[PDB]
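Have a look at data.cif; it's mmCIF, C-alpha atoms and all ligand atoms:
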```
data_my_file
#
loop_
_atom_site.label_atom_id
_atom_site.label_comp_id
_atom_site.auth_asym_id
_atom_site.auth_seq_id
_atom_site.Cartn_x
_atom_site.Cartn_y
_atom_site.Cartn_z
CA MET A 1 111.81 85.02 115.07
CA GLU A 2 110.50 82.55 117.75
CA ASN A 3 109.10 85.34 120.07
CA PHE A 4 106.76 86.90 117.45
CA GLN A 5 103.47 86.05 115.72
CA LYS A 6 102.42 87.73 112.43
CA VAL A 7 98.96 89.25 112.78
CA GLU A 8 98.69 90.94 109.31
CA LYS A 9 100.78 92.57 106.50
CA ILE A 10 101.31 96.34 107.26
CA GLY A 11 102.70 96.91 103.75
CA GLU A 12 105.66 96.45 101.42
CA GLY A 13 108.69 98.57 102.40
CA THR A 14 111.87 99.47 100.45
CA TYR A 15 114.00 96.67 102.05
CA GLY A 16 111.45 93.82 102.18
CA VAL A 17 107.95 93.33 103.67
CA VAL A 18 106.59 95.00 106.91
CA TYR A 19 104.22 93.06 109.25
CA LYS A 20 102.09 93.83 112.34
CA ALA A 21 103.44 91.47 115.00
CA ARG A 22 102.65 90.47 118.60
CA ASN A 23 105.45 89.66 121.09
CA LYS A 24 105.21 86.58 123.38
CA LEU A 25 107.33 87.77 126.37
CA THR A 26 105.84 91.33 126.52
CA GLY A 27 102.56 90.92 124.61
CA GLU A 28 103.46 94.20 122.81
CA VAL A 29 102.30 94.94 119.23
CA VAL A 30 105.12 95.84 116.89
CA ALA A 31 106.02 96.53 113.24
CA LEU A 32 108.39 93.74 112.02
CA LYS A 33 110.51 94.33 108.89
CA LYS A 34 111.96 91.21 107.12
CA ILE A 35 115.10 92.61 105.39
CA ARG A 36 115.87 91.18 101.85
CA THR A 37 121.58 86.99 99.60
CA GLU A 38 125.12 85.76 100.54
CA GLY A 39 125.59 86.10 104.34
CA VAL A 40 124.73 89.76 105.37
CA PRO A 41 127.44 92.55 105.36
CA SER A 42 129.24 93.77 108.55
CA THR A 43 129.16 97.48 107.47
CA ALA A 44 125.31 97.36 107.28
CA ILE A 45 125.17 95.86 110.84
CA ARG A 46 127.06 98.90 112.29
CA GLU A 47 124.88 101.44 110.32
CA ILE A 48 121.70 99.74 111.58
CA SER A 49 123.07 99.46 115.18
CA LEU A 50 123.82 103.26 115.06
CA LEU A 51 120.07 103.87 114.35
CA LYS A 52 119.05 102.32 117.76
CA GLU A 53 120.82 105.28 119.51
CA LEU A 54 119.23 107.80 117.06
CA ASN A 55 116.08 108.32 119.22
CA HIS A 56 113.71 111.34 118.99
CA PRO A 57 109.87 111.66 119.61
CA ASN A 58 109.45 112.26 115.83
CA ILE A 59 111.38 109.16 114.71
CA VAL A 60 109.70 105.67 114.71
CA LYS A 61 111.54 103.77 117.45
CA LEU A 62 113.76 100.93 116.31
CA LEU A 63 113.01 98.67 119.31
CA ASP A 64 115.34 95.79 118.36
CA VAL A 65 117.66 94.47 115.63
CA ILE A 66 117.44 90.66 115.07
CA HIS A 67 120.05 88.89 112.91
CA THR A 68 119.33 85.12 112.92
CA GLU A 69 120.04 82.17 110.52
CA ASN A 70 121.35 84.57 107.76
CA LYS A 71 118.17 86.76 107.69
CA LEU A 72 117.72 90.27 109.25
CA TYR A 73 114.61 91.39 111.20
CA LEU A 74 113.91 95.01 112.19
CA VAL A 75 111.48 95.40 115.13
CA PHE A 76 109.81 98.89 115.17
CA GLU A 77 107.21 100.61 117.39
CA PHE A 78 103.76 100.21 115.84
CA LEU A 79 101.69 103.30 114.79
CA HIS A 80 98.04 102.98 113.62
CA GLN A 81 98.00 105.14 110.47
CA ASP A 82 100.29 106.45 107.72
CA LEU A 83 99.98 109.99 106.22
CA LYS A 84 99.10 108.63 102.71
CA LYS A 85 95.91 106.94 104.09
CA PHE A 86 95.12 109.98 106.34
CA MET A 87 95.40 112.34 103.30
CA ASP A 88 93.12 109.90 101.41
CA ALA A 89 90.57 109.99 104.32
CA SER A 90 90.79 113.83 104.36
CA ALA A 91 90.32 114.31 100.56
CA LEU A 92 86.70 115.66 100.87
CA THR A 93 87.40 118.39 103.48
CA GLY A 94 91.24 118.49 103.56
CA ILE A 95 93.51 118.31 106.65
CA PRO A 96 92.79 121.51 108.71
CA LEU A 97 95.65 124.10 108.47
CA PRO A 98 96.42 123.99 112.31
CA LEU A 99 97.07 120.20 111.97
CA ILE A 100 99.03 120.60 108.67
CA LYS A 101 101.22 123.17 110.51
CA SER A 102 101.82 120.98 113.64
CA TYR A 103 102.74 117.97 111.44
CA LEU A 104 105.28 120.13 109.47
CA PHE A 105 106.82 121.61 112.69
CA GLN A 106 107.30 118.13 114.28
CA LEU A 107 108.71 116.69 111.02
CA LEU A 108 111.13 119.62 110.87
CA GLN A 109 112.11 118.83 114.55
CA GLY A 110 112.70 115.20 113.45
CA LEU A 111 114.83 116.32 110.47
CA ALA A 112 116.88 118.93 112.51
CA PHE A 113 117.82 116.06 114.90
CA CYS A 114 118.90 113.58 112.11
CA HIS A 115 120.79 116.32 110.23
CA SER A 116 122.66 117.27 113.50
CA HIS A 117 123.96 113.62 113.66
CA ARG A 118 124.83 113.63 109.87
CA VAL A 119 121.90 111.24 109.06
CA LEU A 120 119.74 111.77 105.92
CA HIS A 121 116.33 110.19 105.21
CA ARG A 122 116.82 110.20 101.37
CA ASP A 123 113.27 108.87 100.68
CA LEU A 124 110.79 111.03 102.69
CA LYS A 125 107.11 110.32 101.56
CA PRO A 126 103.52 110.18 103.03
CA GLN A 127 103.87 106.34 102.99
CA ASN A 128 106.74 106.46 105.56
CA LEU A 129 105.20 109.19 107.75
CA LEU A 130 103.29 107.64 110.67
CA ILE A 131 100.57 109.12 112.89
CA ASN A 132 98.99 108.30 116.29
CA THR A 133 95.80 109.37 118.21
CA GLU A 134 97.83 111.98 120.23
CA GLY A 135 98.66 114.36 117.31
CA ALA A 136 102.20 113.02 116.80
CA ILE A 137 103.83 112.42 113.39
CA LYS A 138 107.06 110.35 113.10
CA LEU A 139 109.71 109.59 110.41
CA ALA A 140 110.03 105.88 109.41
CA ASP A 141 112.42 104.05 106.93
CA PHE A 142 115.30 106.24 108.32
CA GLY A 143 119.00 105.41 107.82
CA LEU A 144 117.92 102.24 105.92
CA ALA A 145 118.83 103.83 102.52
CA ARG A 146 122.54 104.15 103.56
CA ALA A 147 122.75 100.42 104.60
CA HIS A 148 108.90 94.47 92.54
CA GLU A 149 106.60 97.49 93.20
CA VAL A 150 107.39 100.89 91.62
CA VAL A 151 109.39 103.40 93.70
CA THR A 152 107.77 106.92 93.84
CA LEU A 153 109.87 109.74 92.32
CA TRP A 154 107.32 112.47 93.37
CA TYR A 155 109.33 113.69 96.39
CA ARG A 156 112.83 113.43 94.83
CA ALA A 157 115.08 116.58 95.06
CA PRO A 158 116.38 117.93 91.64
CA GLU A 159 120.10 117.48 92.57
CA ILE A 160 119.43 113.67 93.01
CA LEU A 161 117.57 113.65 89.63
CA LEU A 162 120.46 115.63 88.03
CA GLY A 163 122.92 112.91 89.13
CA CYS A 164 124.55 114.31 92.32
CA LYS A 165 126.25 111.36 94.07
CA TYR A 166 126.79 113.31 97.29
CA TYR A 167 123.35 114.27 98.62
CA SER A 168 123.22 116.91 101.34
CA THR A 169 120.59 117.31 104.12
CA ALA A 170 118.69 119.66 101.73
CA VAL A 171 117.18 116.61 99.90
CA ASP A 172 114.98 115.91 102.98
CA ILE A 173 113.85 119.56 103.03
CA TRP A 174 112.80 119.32 99.35
CA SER A 175 110.84 116.08 100.05
CA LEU A 176 109.08 117.63 103.08
CA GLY A 177 108.21 120.74 100.96
CA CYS A 178 106.39 118.54 98.37
CA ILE A 179 104.45 116.77 101.20
CA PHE A 180 103.49 120.22 102.70
CA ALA A 181 102.09 121.52 99.35
CA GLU A 182 100.22 118.17 98.95
CA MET A 183 98.75 118.43 102.49
CA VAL A 184 97.48 121.95 101.57
CA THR A 185 96.16 121.30 98.05
CA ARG A 186 95.07 117.55 98.38
CA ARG A 187 97.05 116.70 95.25
CA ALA A 188 100.68 115.69 94.62
CA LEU A 189 102.85 118.73 93.63
CA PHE A 190 104.96 116.83 91.06
CA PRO A 191 103.40 113.43 90.18
CA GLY A 192 106.21 112.28 87.82
CA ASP A 193 106.06 108.75 86.36
CA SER A 194 109.71 108.70 85.14
CA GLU A 195 112.94 110.60 86.08
CA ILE A 196 112.66 113.00 83.10
CA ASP A 197 108.88 113.41 83.59
CA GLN A 198 109.55 114.15 87.32
CA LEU A 199 112.33 116.64 86.42
CA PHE A 200 110.16 118.27 83.69
CA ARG A 201 107.20 118.70 86.08
CA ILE A 202 109.56 120.58 88.52
CA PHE A 203 110.83 122.69 85.56
CA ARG A 204 107.28 123.60 84.34
CA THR A 205 106.29 124.82 87.88
CA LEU A 206 109.51 126.48 89.28
CA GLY A 207 111.12 127.33 85.91
CA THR A 208 114.12 125.70 84.20
CA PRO A 209 117.20 126.12 86.49
CA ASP A 210 120.05 128.08 84.88
CA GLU A 211 123.34 129.50 86.30
CA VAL A 212 121.38 132.58 87.55
CA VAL A 213 119.25 130.76 90.20
CA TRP A 214 121.54 127.69 90.63
CA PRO A 215 125.32 128.30 90.07
CA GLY A 216 126.90 124.98 88.97
CA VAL A 217 123.64 123.44 87.65
CA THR A 218 124.93 123.21 84.01
CA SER A 219 127.99 121.16 85.18
CA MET A 220 125.84 118.48 86.92
CA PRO A 221 126.18 114.81 85.67
CA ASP A 222 122.69 114.40 84.09
CA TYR A 223 122.18 118.07 83.14
CA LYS A 224 121.62 118.56 79.38
CA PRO A 225 121.96 122.07 77.78
CA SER A 226 119.17 120.68 75.51
CA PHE A 227 116.51 120.82 78.35
CA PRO A 228 113.46 122.99 77.41
CA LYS A 229 113.41 126.49 79.00
CA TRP A 230 110.24 126.96 81.10
CA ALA A 231 109.44 130.20 82.93
CA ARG A 232 108.65 130.08 86.68
CA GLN A 233 105.05 130.20 87.94
CA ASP A 234 104.02 132.30 90.97
CA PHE A 235 103.46 130.36 94.22
CA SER A 236 99.95 131.90 94.62
CA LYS A 237 98.91 129.76 91.55
CA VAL A 238 100.88 126.75 92.86
CA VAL A 239 99.50 126.48 96.44
CA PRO A 240 96.10 128.22 96.99
CA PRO A 241 94.80 128.72 99.78
CA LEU A 242 98.07 128.62 101.78
CA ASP A 243 98.67 132.05 103.39
CA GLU A 244 101.73 134.28 102.69
CA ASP A 245 103.89 132.93 105.58
CA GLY A 246 103.28 129.33 104.40
CA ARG A 247 104.01 130.22 100.75
CA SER A 248 107.26 132.03 101.71
CA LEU A 249 108.36 129.06 103.88
CA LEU A 250 107.42 126.50 101.14
CA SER A 251 109.34 128.65 98.57
CA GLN A 252 112.49 128.40 100.78
CA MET A 253 112.15 124.60 101.16
CA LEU A 254 111.76 124.38 97.34
CA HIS A 255 114.84 126.51 96.38
CA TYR A 256 116.78 124.89 93.43
CA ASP A 257 120.28 125.47 94.93
CA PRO A 258 120.67 123.05 97.93
CA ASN A 259 122.99 125.65 99.62
CA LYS A 260 120.34 128.41 99.36
CA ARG A 261 117.56 125.92 100.46
CA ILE A 262 116.40 126.44 104.08
CA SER A 263 117.68 124.17 106.89
CA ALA A 264 115.36 122.23 109.25
CA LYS A 265 116.67 124.51 112.10
CA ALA A 266 116.00 127.88 110.34
CA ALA A 267 112.57 126.64 109.09
CA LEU A 268 111.48 126.02 112.76
CA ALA A 269 112.07 129.83 113.34
CA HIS A 270 109.91 130.89 110.37
CA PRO A 271 106.92 133.23 111.18
CA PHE A 272 104.59 130.46 109.84
CA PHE A 273 105.34 128.69 113.15
CA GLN A 274 104.25 131.76 115.25
CA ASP A 275 100.74 130.35 115.96
CA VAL A 276 101.69 126.60 116.25
CA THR A 277 99.32 124.43 118.31
CA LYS A 278 99.05 120.60 118.70
CA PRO A 279 95.59 119.55 117.38
CA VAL A 280 94.59 115.87 117.63
CA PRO A 281 93.51 114.22 114.32
CA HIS A 282 90.15 112.56 113.72
CA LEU A 283 91.40 109.16 112.58
CA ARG A 284 89.37 106.01 111.90
CA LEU A 285 90.90 102.64 112.90
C1 LIG B 301 97.90 100.33 109.91
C2 LIG B 301 99.39 100.33 110.21
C3 LIG B 301 100.03 101.68 109.87
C4 LIG B 301 101.55 101.55 109.76
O1 LIG B 301 102.08 101.57 108.65
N1 LIG B 301 102.16 101.41 110.94
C5 LIG B 301 103.46 101.31 111.26
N2 LIG B 301 103.85 101.29 112.53
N3 LIG B 301 105.08 101.24 112.61
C6 LIG B 301 105.63 101.21 111.40
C7 LIG B 301 106.96 101.18 110.98
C8 LIG B 301 107.29 101.18 109.62
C9 LIG B 301 108.65 101.14 109.31
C10 LIG B 301 109.16 100.31 108.30
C11 LIG B 301 110.53 100.37 108.02
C12 LIG B 301 111.38 101.17 108.78
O2 LIG B 301 112.71 101.19 108.54
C13 LIG B 301 110.87 101.95 109.81
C14 LIG B 301 109.51 101.92 110.09
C15 LIG B 301 106.25 101.22 108.65
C16 LIG B 301 106.46 101.29 107.27
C17 LIG B 301 106.00 100.29 106.39
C18 LIG B 301 106.21 100.40 105.00
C19 LIG B 301 106.87 101.52 104.49
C20 LIG B 301 107.31 102.53 105.35
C21 LIG B 301 107.11 102.42 106.73
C22 LIG B 301 104.92 101.26 109.10
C23 LIG B 301 104.61 101.26 110.46
#
```
Translate the structure of the given file into structure tokens.
Ligand SMILES: CCCC(=O)Nc1n[nH]c2cc(-c3ccc(O)cc3)c(-c3ccccc3)cc12
Amino acid sequence: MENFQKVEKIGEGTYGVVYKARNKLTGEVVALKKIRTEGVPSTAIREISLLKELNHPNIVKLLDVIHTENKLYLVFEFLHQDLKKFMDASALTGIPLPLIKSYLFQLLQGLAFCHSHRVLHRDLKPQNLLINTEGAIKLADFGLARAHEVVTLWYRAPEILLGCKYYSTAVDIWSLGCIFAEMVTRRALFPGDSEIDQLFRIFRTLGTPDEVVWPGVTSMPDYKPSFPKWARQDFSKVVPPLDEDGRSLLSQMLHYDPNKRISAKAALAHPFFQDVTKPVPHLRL
């Protein structure tokens, strides 16, 4: 677009490249996403235009939608750091628990809002979690999933992996749970490098799901009665040194059955959020 100048490449998103851009009329700094051809579908235009009205302080603001000369451009608010880089810069000492807790609470607020409007993230990950100097964390890449680097499977819910074509809101809760454990331990919970490896890593840690813990699991599209039977591991061995309230909350976000899995609304009422404060991060720019 004529009104923008590329300053640098922010990264490579799911639907094309993302650039740091300066506006000419405003002088504002923005995140510009060049989307993906035939002539661009109408259905995708409406789904994207619905996202402009889906505003919350914990959702990266879609400033403008630009469709010009059979190419789509998504203009987003710019944030200085992503959670993947922040976790990398906090590897030596680890993100302090008060800050981990505030980030989780705000992300849950973000999720509770999307889920109230029947909007799923589908691909929550540190990469698409953005942070500012004020202590705010925001959800990015939202609603894009509905409308050749390797895609991370680490945060994928088991029902998606088991072939469920109709994801519920619970997939976002599973993804956020994995991020939470990772923020605590400074290591990915389930670093799978293939769908079966990803699934098998979940099975080794939380036990192989059977009809007992997940009614209707054996009838799922990709479920094989031939899967190995692993016994569950206690959460104290999974996430040390997260306290009992954190472990109990994480456990509820990581429930196999999406119906038994905690909502973003009920999670905000969990005793873990009794002593929630808003610390500011120490970020280097
Ligand atoms: C050093 C720059 C740190 C950074 O990534 N900043 C970003 N500011 N704003 C941003 C907005 C987005 C974004 C991309 C697609 C969407 O549909 C929504 C948002 C991204 C972003 C880029 C790649 C993958 C995921 C998110 C990064 C930033």
Surroundings of ligand LIG 301 (chain B) up to 8 Å, based on only C-alpha atoms and all ligand atoms, as a short mmCIF file (atom, residue, chain, number, x, y, z; two decimals) with C-alpha atoms, in the coordinates of the input:
```cif
data_model
loop_
_atom_site.label_atom_id
_atom_site.label_comp_id
_atom_site.auth_asym_id
_atom_site.auth_seq_id
_atom_site.Cartn_x
_atom_site.Cartn_y
_atom_site.Cartn_z
CA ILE A 10 101.31 96.34 107.26
CA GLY A 11 102.70 96.91 103.75
CA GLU A 12 105.66 96.45 101.42
CA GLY A 13 108.69 98.57 102.40
CA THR A 14 111.87 99.47 100.45
CA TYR A 15 114.00 96.67 102.05
CA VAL A 17 107.95 93.33 103.67
CA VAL A 18 106.59 95.00 106.91
CA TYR A 19 104.22 93.06 109.25
CA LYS A 20 102.09 93.83 112.34
CA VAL A 30 105.12 95.84 116.89
CA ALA A 31 106.02 96.53 113.24
CA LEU A 32 108.39 93.74 112.02
CA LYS A 33 110.51 94.33 108.89
CA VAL A 60 109.70 105.67 114.71
CA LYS A 61 111.54 103.77 117.45
CA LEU A 62 113.76 100.93 116.31
CA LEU A 74 113.91 95.01 112.19
CA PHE A 76 109.81 98.89 115.17
CA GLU A 77 107.21 100.61 117.39
CA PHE A 78 103.76 100.21 115.84
CA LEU A 79 101.69 103.30 114.79
CA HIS A 80 98.04 102.98 113.62
CA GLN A 81 98.00 105.14 110.47
CA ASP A 82 100.29 106.45 107.72
CA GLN A 127 103.87 106.34 102.99
CA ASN A 128 106.74 106.46 105.56
CA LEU A 129 105.20 109.19 107.75
CA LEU A 130 103.29 107.64 110.67
CA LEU A 139 109.71 109.59 110.41
CA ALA A 140 110.03 105.88 109.41
CA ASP A 141 112.42 104.05 106.93
CA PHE A 142 115.30 106.24 108.32
CA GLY A 143 119.00 105.41 107.82
CA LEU A 144 117.92 102.24 105.92
CA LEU A 285 90.90 102.64 112.90
#
```
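Across A:271, A:281, A:16, A:192, the tightest approach to residue A:132 is made by A:281 when counting all atoms listed in the file.
One finds atom CA of residue A:48 at 13.4 Å from atom CA of residue A:121.
The nearest approach to residue A:150 among the residues A:258, A:163, A:86, A:194, with all atoms listed in the file taken into account, belongs to A:194.
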The residue from A:216, A:115, A:131, A:97 with the smallest atom-to-atom distance to residue A:84, counting only C-alpha atoms, is A:131
Taking all atoms listed in the file into account, produce a table as CSV in which each residue of stretch 19-64 of chain A with an atom at most 12 Å from an atom of stretch 107-111 of chain A appears once, together with its shortest atom pair and the distance in Å to one decimal, ordered by chain and rising number.
```
residue,atom,partner,partner_atom,distance
A:54,CA,A:110,CA,10.5
A:55,CA,A:110,CA,9.6
A:56,CA,A:110,CA,6.8
A:57,CA,A:110,CA,7.6
A:58,CA,A:110,CA,5.0
A:59,CA,A:110,CA,6.3
A:60,CA,A:110,CA,10.1
```
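Across the structure, atom CA of residue A:145 and atom CA of residue A:251 are spaced 26.9 Å apart.
The interatomic distance for the pair atom CA of residue A:95 and atom CA of residue A:267 works out to 20.9 Å.
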Residues at most 10 Å from residue A:177, counting all atoms listed in the file, excluding those fewer than 3 positions away in the same chain, as a ChimeraX atom specification?
-> /A:104,155,157,171-174,180-183,189,249-255
Tell me which protein, DNA and RNA residues are within 12 Å of residue A:221, counting all atoms listed in the file, leaving out same-chain ones fewer than 6 positions away, and put them as number ranges by chain.
-> A: 158-166
Between A:68, A:133, A:185, A:106, smallest distance to residue A:268 by all atoms listed in the file belongs to A:106
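The protein and nucleic acid residues lying at most 12 Å from residue A:236 are residues 181, 185, 205, 232, 240, 241, 242, 243, 244, 245, 246, 247, 248, 250 and 251 of chain A, with all atoms listed in the file considered and sequence neighbours fewer than 4 positions away removed.
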Could you turn the residues from that selection into a file that holds C-alpha atoms, as a tab-separated table (two decimals), in the coordinates of the input?
```tsv
chain	number	residue	atom	x	y	z
A	181	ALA	CA	102.09	121.52	99.35
A	185	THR	CA	96.16	121.30	98.05
A	205	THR	CA	106.29	124.82	87.88
A	232	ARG	CA	108.65	130.08	86.68
A	240	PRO	CA	96.10	128.22	96.99
A	241	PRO	CA	94.80	128.72	99.78
A	242	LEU	CA	98.07	128.62	101.78
A	243	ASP	CA	98.67	132.05	103.39
A	244	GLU	CA	101.73	134.28	102.69
A	245	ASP	CA	103.89	132.93	105.58
A	246	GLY	CA	103.28	129.33	104.40
A	247	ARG	CA	104.01	130.22	100.75
A	248	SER	CA	107.26	132.03	101.71
A	250	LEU	CA	107.42	126.50	101.14
A	251	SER	CA	109.34	128.65	98.57
```
All residues 9 Å or closer to residue A:276, all atoms listed in the file, same chain fewer than 4 positions away omitted, as a PDB file with C-alpha atoms, in the frame of the given file:
```pdb
ATOM      1  CA  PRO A  98      96.420 123.990 112.310  1.00  0.00           C
ATOM      2  CA  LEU A  99      97.070 120.200 111.970  1.00  0.00           C
ATOM      3  CA  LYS A 101     101.220 123.170 110.510  1.00  0.00           C
ATOM      4  CA  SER A 102     101.820 120.980 113.640  1.00  0.00           C
ATOM      5  CA  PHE A 105     106.820 121.610 112.690  1.00  0.00           C
ATOM      6  CA  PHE A 272     104.590 130.460 109.840  1.00  0.00           C
TER       7      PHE A 272
END
```
Considering all atoms listed in the file, return as a ChimeraX atom specification whatever protein or nucleic-acid residues lie within 8 Å of residue A:4, sequence-local ones (same chain, fewer than 6 positions apart) excluded.
-> /A:21-24
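For the choices A:100, A:120, A:220, A:196, the atom-to-atom distance to residue A:135 is smallest for A:100 when using all atoms listed in the file.
Minimum atom-to-atom distance to residue A:118, evaluated using all atoms listed in the file, belongs to A:170 out of A:179, A:188, A:239, A:170.
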